[PDB]
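As structure tokens, one chain now follows by itself in the form deposited in one PDB entry.
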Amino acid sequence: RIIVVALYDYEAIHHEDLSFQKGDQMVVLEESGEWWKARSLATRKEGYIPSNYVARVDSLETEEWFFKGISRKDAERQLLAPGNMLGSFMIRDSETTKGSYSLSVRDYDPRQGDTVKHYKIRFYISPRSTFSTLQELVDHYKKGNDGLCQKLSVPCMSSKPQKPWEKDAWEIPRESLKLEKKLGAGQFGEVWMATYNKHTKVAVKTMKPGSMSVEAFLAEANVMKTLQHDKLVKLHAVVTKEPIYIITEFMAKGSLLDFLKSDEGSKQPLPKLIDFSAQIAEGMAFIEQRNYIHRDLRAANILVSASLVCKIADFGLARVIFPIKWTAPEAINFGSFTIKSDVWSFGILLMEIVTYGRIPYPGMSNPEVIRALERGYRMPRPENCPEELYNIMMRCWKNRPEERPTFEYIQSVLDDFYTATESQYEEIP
């Protein structure tokens, strides 16, 4: 008899899903993936619930201060999100010491500003203070800082998870959609803000009938679908009849390119710009890990969420279909696209980010650029760009692909650009 508990409020919007409130307990009847069958103890109704909107009762995930599967760097982004304060904290699974936990606390450093420190847990952080529940631990450091950089305020502001997409609805009939606003148009099709079945806001990329084979595309989209990561735009659905529509999560702030050239983007200081590029390299290290290739990495193909999360779009799309200024020389001269020619692209994108969306090689024609690279010319370091950031770009732009670093390596550098390794975690007497 498995009882679970609602972590958030949820309105049913389908045929057989249940409505419930934060606090409602439910009897799990079946665990079918993203949707589970359950019985609400509040309504006595049997139906479907999003499996990620609940956890087992008295389990750690029930706890406001607890965050499952969150990385040191993402923990750090969540505690620096609006609505937090000094002392804002959380406890999460540790990445390095697997099966163990860590505490992350919001701080103000004299030199650095608002930061987030991290401590390990073994339960104790320190010998002079042992506890038997993490809840025990938490209240102690809420009651004055027995060592820490700050005393524990209130738990981290939590996001509400995305609704899982309707069950068995990878292929949808065109009729389920209303394409309400054209967001972008181009050579290959359009992008629209849309609504699915009157309940869900989505984006749709409408593809113009092309090369093409629908059966060859649909085979690629199945692959695209399996590439699931916080830093890739999520594919929800596809309309299989020409013209093909691709349905994805909507991204409130549109493209990174358009966002950087906006007023809100102009206010973004360098460390945030870097954070962006680190988010992207994370997404790219994933793609690299899956032995996939992007083939069109640039700011136009990064999307931005309302809460400034950067997401990779159009991955592997180009295989199925003139940005030579983002294109590695071996991709231009021989059509040899690899994860390494993506690295090259990432370099240009990095320069794009730091110059708030400015066009690469400003005032240079595509041919002018190609000849320039042949002489070994590269874009010069802009004003606001730190030397070490510029060095990463130069490494991305090695003539030899194999001398270009990995995204895994790039991610690890970008991620900790302002933190010395020894300073990633804290020491406590």
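Basically, rigid core = biggest C-alpha set you can superpose within 1.5 Å across the two forms. The first residue of the sequence shown is number 1, and the count goes up from there.
- In the other compared entries of this protein that model both flanking residues, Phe322 lacks coordinates in at least a third of them.
- Gap between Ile321 and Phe322: 10 or more deposited residues without coordinates.
- A chain break between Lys267 and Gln268 is not present, all residues of the deposited sequence in that interval being modelled.
- Comparing 56-64 with 393-401, the stretch with the higher mean C-alpha B-factor in the PDB entry is 56-64.
- Of the two segments examined, 406-414 and 18-26, it is 18-26 that shows the higher average Cα temperature factor in the deposited entry.
- Note on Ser176, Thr338, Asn84, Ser277: the highest value goes to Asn84, judged by CA B factor as recorded.
- Per the PDB entry, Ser159 shows the highest C-alpha temperature factor of the residues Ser262, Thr248, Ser159, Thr200.
- In the PDB entry, a CA B factor belonging to the middle third of its chain's modelled residues is recorded for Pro329.
- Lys98 sits in the highest third of its chain by CA B factor, as recorded in the PDB entry.
- For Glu34, the recorded CA B-factor ranks within the middle third of the chain. Only modelled residues enter the ranking.
- Residue-level temperature factors show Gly186 in the middle third of its chain, judged at the C-alpha atom.
- Sort the chain's modelled residues by C-alpha temperature factor and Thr226 lands in the middle third, per the entry.
In what follows, reference is made to the form deposited in another entry, a form of this protein that is not presented.
- Only one of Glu30, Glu64, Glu368, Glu374 has its Cα shifted by 2 Å or more between the shown form and the other one after fitting on the core, and that residue is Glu30.
- Once both forms are fitted on their rigid core, the CA atom of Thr43 lies 2 Å or more apart between the shown form and the other one.
- A displacement of 2 angstroms or greater separates the C-alpha positions of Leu18 between the shown form and the other one, with the rigid core held in common.
- Comparing the forms between the shown form and the other one on their rigid core, the Cα displacement of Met212 reaches 2 Å or more.
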